[PDB]
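In the block that follows, a single chain appears as structure tokens, in the form deposited in one PDB entry.
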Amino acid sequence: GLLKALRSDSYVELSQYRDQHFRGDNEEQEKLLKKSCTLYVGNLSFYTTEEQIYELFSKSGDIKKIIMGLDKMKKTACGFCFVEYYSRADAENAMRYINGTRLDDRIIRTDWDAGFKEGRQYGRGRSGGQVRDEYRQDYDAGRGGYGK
């Protein structure tokens, strides 16, 4: 048979994050997350181009679709994106080996997504950008500057 210790695949397990605008139950969301080929990619620079995202995330497999993360008002890059693969296995490999490495000198984080819909590309922060950029105290040149 197999050993549970070797089957261990901690980089592919689900994060604590869930989507609030998701029309559905939590157990209905988890069921989509476990079959998804689609990744949220956090902590990008606003200067990070699709050229760069495509080059890096291509290393785990052939990319179906990159959907850049946009400011709701400005439609400028506000520091995240989505990456869709054709197979689960290729998305799993991104989560295993690209998650927690550098893209444009920033440690980027990946997460399973339940699936892109229209509206999800836009930052849900009050001032248009990501929610993460409104609270924060720190300075961060790639993320705009100070908070808001």
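Under this definition, the rigid core comprises the largest set of C-alpha atoms superposing within 1.5 Å between the forms. Numbering starts at 1 and follows the sequence shown.
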| query | finding |
| --- | --- |
| Mean C-alpha B-factor comparison - 26-34 and 96-104, higher one | 26-34 |
| 9-17 or 128-136, whichever carries the higher mean Cα B-factor | 128-136 |
| Residue with maximal Cα B-factor (values as given in the PDB entry) among 118, 90, 55, 84 | 118 |
| Third of the chain's Cα B-factor distribution that residue 67 belongs to, per the entry | middle |
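A second form of this protein, the form deposited in another entry, is not displayed here; the remarks below concern that form.
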query: Threshold 2 Å Cα movement between this form and the one not shown at residue 25, rigid core reference; finding: yes
query: Core-superposed C-alpha of residue 10 shifting 2 Å or more between this form and the one not shown; finding: no
query: In the other entry, whether the C-alpha atoms of residue 19 and residue 72 sit closer or farther than here (change of 3 Å or more); finding: farther
query: CA-CA separation of residue 15 and residue 46, closer or farther in the other entry than in the form shown [shift of 3 angstroms or more]; finding: farther
